[PDB]
Amino acid sequence: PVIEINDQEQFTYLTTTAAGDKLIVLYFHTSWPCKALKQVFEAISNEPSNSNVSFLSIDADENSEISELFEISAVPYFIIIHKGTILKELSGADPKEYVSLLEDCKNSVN
């Protein structure tokens with residue numbers, strides 16, 4: 001599953017206080033093409049073998065401060081975070097590239 005991010009305190013809680021040592025995957029998007037890709041992101045998030053990864057979707061227009069923090073200039077955009085730092089950023093567009101990277105990262109951090 002995905003958690004929809006709607007405010008800064010929630011975002012901070014889920015990426016820090018409540019994050020443990022999980023891989024955290026951020027998906028920046030807009031609700032106005034980008035809709036279809038969010039559905040794929042959600043489906044990937046719903047895989048049982050991803051049950052130990054935290055997936056956070058972030059509407060870039062509704063979450064200005066978070067977009068600024070990550071210097072988002074285009075969507076869709078992926079940021080993978082682990083143990084308090086950014087592990088990888090990826091110019092969001094291609095599900096195959098995304099799954100490939102996610103599986104490598106999951107393996108690297110295990």
# chains A, B, ... in the order shown; residues from 1 in each chain; ligands from 1
>>> select_by_dssp(residues="range 29-108 of chain A", states="alpha helix (DSSP H)", output="short mmCIF file (atom, residue, chain, number, x, y, z; two decimals) with N, CA and C atoms, in the first residue's frame")
data_model
loop_
_atom_site.label_atom_id
_atom_site.label_comp_id
_atom_site.auth_asym_id
_atom_site.auth_seq_id
_atom_site.Cartn_x
_atom_site.Cartn_y
_atom_site.Cartn_z
N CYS A 34 0.00 11.22 -15.71
CA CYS A 34 0.65 11.02 -14.42
C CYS A 34 -0.25 10.17 -13.50
N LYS A 35 -1.55 10.19 -13.78
CA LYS A 35 -2.57 9.39 -13.10
C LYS A 35 -2.34 7.87 -13.28
N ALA A 36 -2.13 7.46 -14.53
CA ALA A 36 -1.83 6.07 -14.88
C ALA A 36 -0.58 5.55 -14.17
N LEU A 37 0.45 6.39 -14.14
CA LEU A 37 1.71 6.00 -13.53
C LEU A 37 1.56 5.81 -12.01
N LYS A 38 0.73 6.66 -11.39
CA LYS A 38 0.47 6.51 -9.95
C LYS A 38 -0.21 5.15 -9.67
N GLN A 39 -1.09 4.73 -10.58
CA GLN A 39 -1.74 3.43 -10.42
C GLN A 39 -0.75 2.25 -10.43
N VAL A 40 0.23 2.33 -11.34
CA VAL A 40 1.33 1.36 -11.38
C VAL A 40 2.18 1.41 -10.09
N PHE A 41 2.52 2.62 -9.65
CA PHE A 41 3.22 2.75 -8.38
C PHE A 41 2.48 2.08 -7.22
N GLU A 42 1.17 2.32 -7.14
CA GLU A 42 0.36 1.68 -6.13
C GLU A 42 0.35 0.16 -6.25
N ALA A 43 0.22 -0.35 -7.49
CA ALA A 43 0.20 -1.78 -7.68
C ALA A 43 1.52 -2.39 -7.20
N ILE A 44 2.63 -1.75 -7.57
CA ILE A 44 3.92 -2.23 -7.11
C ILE A 44 3.97 -2.20 -5.58
N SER A 45 3.41 -1.14 -5.00
CA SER A 45 3.38 -1.02 -3.54
C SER A 45 2.58 -2.11 -2.82
N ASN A 46 1.66 -2.70 -3.57
CA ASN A 46 0.73 -3.67 -3.04
C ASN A 46 1.27 -5.09 -3.11
N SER A 64 4.06 21.77 -1.29
CA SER A 64 5.05 22.68 -1.84
C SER A 64 6.37 22.62 -1.10
N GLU A 65 6.30 22.61 0.22
CA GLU A 65 7.51 22.65 1.03
C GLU A 65 8.35 21.38 0.86
N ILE A 66 7.68 20.24 0.79
CA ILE A 66 8.38 18.98 0.58
C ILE A 66 9.02 18.93 -0.82
N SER A 67 8.28 19.38 -1.84
CA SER A 67 8.82 19.46 -3.20
C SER A 67 10.07 20.35 -3.24
N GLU A 68 9.98 21.50 -2.55
CA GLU A 68 11.13 22.40 -2.45
C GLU A 68 12.34 21.74 -1.80
N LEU A 69 12.10 21.06 -0.67
CA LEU A 69 13.15 20.37 0.05
C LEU A 69 13.92 19.41 -0.85
N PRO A 95 8.30 2.12 -15.47
CA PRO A 95 8.08 1.10 -14.42
C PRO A 95 9.16 0.01 -14.38
N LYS A 96 9.65 -0.44 -15.53
CA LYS A 96 10.70 -1.48 -15.55
C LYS A 96 11.98 -1.00 -14.85
N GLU A 97 12.39 0.23 -15.15
CA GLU A 97 13.58 0.84 -14.56
C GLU A 97 13.38 0.99 -13.05
N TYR A 98 12.17 1.38 -12.69
CA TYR A 98 11.84 1.59 -11.31
C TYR A 98 11.89 0.28 -10.49
N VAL A 99 11.24 -0.76 -11.00
CA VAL A 99 11.23 -2.06 -10.33
C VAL A 99 12.66 -2.62 -10.23
N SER A 100 13.45 -2.44 -11.29
CA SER A 100 14.83 -2.94 -11.31
C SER A 100 15.62 -2.30 -10.18
N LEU A 101 15.49 -0.98 -10.10
CA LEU A 101 16.21 -0.27 -9.06
C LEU A 101 15.71 -0.63 -7.68
N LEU A 102 14.39 -0.68 -7.48
CA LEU A 102 13.85 -1.04 -6.18
C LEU A 102 14.33 -2.41 -5.72
N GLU A 103 14.34 -3.39 -6.61
CA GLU A 103 14.78 -4.71 -6.22
C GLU A 103 16.28 -4.75 -5.87
N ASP A 104 17.09 -4.00 -6.63
CA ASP A 104 18.51 -3.91 -6.27
C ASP A 104 18.70 -3.24 -4.91
N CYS A 105 17.95 -2.16 -4.64
CA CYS A 105 18.11 -1.46 -3.36
C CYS A 105 17.66 -2.33 -2.23
N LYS A 106 16.53 -3.00 -2.38
CA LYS A 106 16.06 -3.90 -1.33
C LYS A 106 17.12 -4.95 -1.01
N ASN A 107 17.75 -5.49 -2.05
CA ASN A 107 18.82 -6.46 -1.83
C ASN A 107 20.03 -5.85 -1.15
N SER A 108 20.38 -4.62 -1.52
CA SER A 108 21.59 -3.98 -0.97
C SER A 108 21.45 -3.68 0.50
#
>>> residues_around(residues="residue 20 in chain A", least_positions_apart="5", cutoff="12 Å", atoms="only C-alpha atoms", output="PyMOL selection string")
chain A and resi 13-15+52-54+81-84
>>> atom_distance(atom1="CA of residue 63 in chain A", atom2="CA of residue 6 in chain A")
6.8 Å
>>> closest_residue(among="A:22, A:93, A:16, A:58", to="residue 110 in chain A", atoms="only C-alpha atoms")
A:22
>>> atom_distance(atom1="CA of residue 88 in chain A", atom2="CA of residue 23 in chain A")
10.9 Å
>>> closest_residue(among="A:89, A:7, A:71, A:47", to="residue 27 in chain A", atoms="only C-alpha atoms")
A:89
>>> atom_distance(atom1="CA of residue 76 in chain A", atom2="CA of residue 56 in chain A")
13.0 Å
